[PDB]
């Protein structure tokens, strides 16, 4: 039997301002979950989620023109390929994009209605195998 050895690192860099954080990002490109961590509702009409997968072209999801993330609640935005059911206010389906994107560097940023980044979560996976 041949010997095996590997080093795998998974890092998550999160930054949050305001009421809504990027709570969880799927490594399989299926969903992005946001959470209102405050005790007040947050209107997110025409807010955006910008996804930067390494040097890939930027993917931009846009919320419905009227959408509220209530206090303490979560919303999961599913890519169209995930096979999820569109069920607001907790589950929204991004019909135009089949995947959020897979890769070793995944940056997900929440953008408010005026174009400012208010929260983000960046996933980085590094793997080295001994040859």
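Numbering follows the first chain given and starts at 1.
Taking the PDB entry as given, 37 to 45 carries the higher mean Cα B factor of the two stretches 90 to 98 and 37 to 45. Comparing 5 to 13 with 111 to 119, the higher mean C-alpha B-factor in the PDB entry belongs to 111 to 119.
Sorting the modelled residues of the chain by their CA temperature factor places residue 68 in the middle third. Split the chain's modelled residues into thirds by C-alpha temperature factor. Residue 124 is in the lowest one. Annotation for residue 82: CA B-factor lies in the highest third of the chain's modelled residues.
Ranked by Cα temperature factor within the chain, residue 74 sits in the highest third according to the deposited record.
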